[PDB]
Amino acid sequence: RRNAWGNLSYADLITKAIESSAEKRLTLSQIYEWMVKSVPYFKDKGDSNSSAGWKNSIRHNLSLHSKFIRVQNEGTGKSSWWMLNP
């Protein structure tokens, strides 16, 4: 097993999180929520004391890879919609 959560990469997980939404787009917070609810390894690492490292990598992957694109959100103070780049 490549990582402690399996053979899927962070990018792969982010992809599954987004593909799981009916609208094919999720905010950063929703992607975190999907990890904690969907990946066994992260189930007990959603708290502030242990989520810093992996959340940082999620933000890192989202910005770094062209596979993901950011879309301006609707309304005041809401963060971007993240989706798969066609």
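The term rigid core refers to the most C-alpha atoms you can superpose between the two forms while keeping them within 1.5 Å. Don't overthink the numbering: it's just position in the shown sequence, from 1.
Larger root-mean-square CA separation from the shown form, computed after a rigid core fit of the structures in 4 other deposited structures of this protein, is seen for 73 to 81 when 12 to 20 is set against 73 to 81. Each structure in 4 other deposited structures of this protein is fitted to the shown form on the rigid core, and of 33 to 41 and 51 to 59 the C-alphas lie farther away on average for 51 to 59. Set 43 to 51 against 25 to 33 and average the Cα temperature factors; 43 to 51 ends up higher. Averaged over their C-alpha atoms, the temperature factors of 8 to 16 and 68 to 76 are higher for 68 to 76.
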